[PDB]
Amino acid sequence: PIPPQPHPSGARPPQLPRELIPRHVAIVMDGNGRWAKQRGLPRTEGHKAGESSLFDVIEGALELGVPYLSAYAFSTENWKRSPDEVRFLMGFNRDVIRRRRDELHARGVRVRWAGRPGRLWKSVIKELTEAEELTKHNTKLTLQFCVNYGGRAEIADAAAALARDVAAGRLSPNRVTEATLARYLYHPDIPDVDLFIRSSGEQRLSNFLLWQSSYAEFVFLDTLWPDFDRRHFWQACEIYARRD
């Protein structure tokens, strides 16, 4: 695997005991809009900046040795936004995956798409699907790239799939437990969230890896997502460690 490029600031990963480094970090990447309003830029420029944020945080995860990183790329809540914002976000998240696919393959990043095909463009589904196939043998970092995703939707899809196995006689209805339902999540081999980072001031789960975040530590930072990089990730990991 090609090593991560270090930060322009020359900041280095904190020396933490391996036992206190979170195995799975989840990030809600919010404030792309708010950031643009504050700098008199259009909302689209916030999202553009957010691309570099994610890719820096991925470097931070590789440097520190965090093996699972989940990113809330496109929430089903986005369907409530304007047609023009949704058109931009589809085209953007597609173009980001197409542009950065090869960089991720090289650094040993396994891309897992979590979410529903639903009303996504077929071009978005295609890029995500291909990125999954290309990277499916990598093991250095798993990026759970959550596109058209909701935590309730994932649990409902798990219950639906469980229900099909019950109907077909493959599973008894009296053997339906937490562990049973967990087997039917989108990516059951991905473990629980240890650290849930919410970039901005808004102190909410927002329907993200709901089942998986039940016992997670929450870290609420003030940094809008376009100003977020590996140093804010590292700070959140340090806060996590000090909580032991």
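From 1 onward, residues are counted along the sequence shown.
Taking the mean C-alpha B-factor of each stretch as recorded, 38-46 and 51-59 are not equal, and the higher mean is that of 38-46.
Per-stretch averaging of Cα B factors for 221-229 and 15-23 places 15-23 on top.
You'll see in the entry that, of 160, 143, 106, 114, the Cα B factor peaks at 106. Within the group 70, 177, 199, 207, the record's highest C-alpha temperature factor is found at 199. Per the PDB record, residue ranking by Cα B-factor puts residue 167 in the middle third of the chain. For residue 120, the recorded CA temperature factor ranks within the lowest third of the chain's modelled residues.
Residue-level temperature factors show residue 154 in the lowest third of its chain, judged at the C-alpha atom. Residue 212 sits in the lowest third of its chain by CA B factor, as recorded in the PDB entry. Sort the modelled residues of the chain by CA B factor and residue 90 lands in the middle third.
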